[PDB]
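Colleague: this one's sequence-less:
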């Protein structure tokens, strides 16, 4: 269970950092 939950949690965090770098490069284009 913990293996599964941690795997899903890192998948979530990776998607989150994807969106963060994405908004970052968007703002960069606005610059």
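Modeller: Looks like it came in fine. Numbers count the residues shown, from 1 in each chain.
Colleague: Which stretches in the protein count as helices?
Modeller: 2-30 (DSSP state H).
Colleague: Against residue 10, how distant is residue 17?
Modeller: Using CB to CB, to the nearest Å, one gets 10 Å for the distance from residue 17 to residue 10. (C-beta placed from N, C-alpha, C; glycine too.)
Colleague: again with residue 29
Modeller: Applying CB to CB to residue 29 and residue 10 gives a distance of 29 Å.
Colleague: who's more crowded, these two?
Modeller: Ranked by neighbour count (other CB atoms under 10 Å), residue 29 and residue 10 place residue 10 first, with 10 against 7.
Colleague: which ones are touching that one?
Modeller: Counting by CB atoms under 8 Å, 6 or more residues apart in numbering, residue 10 touches no other residue.
Colleague: and it, how far is that from residue 16?
Modeller: 10 Å.
Colleague: for residue 3, same thing?
Modeller: Counting by CB to CB, the gap from residue 3 to residue 16 is 20 Å.
Colleague: So those two - more neighbours on which side?
Modeller: Legend: neighbour count by other CB under 10 Å for residue 3 and residue 16, higher for residue 16 (10 against 7).
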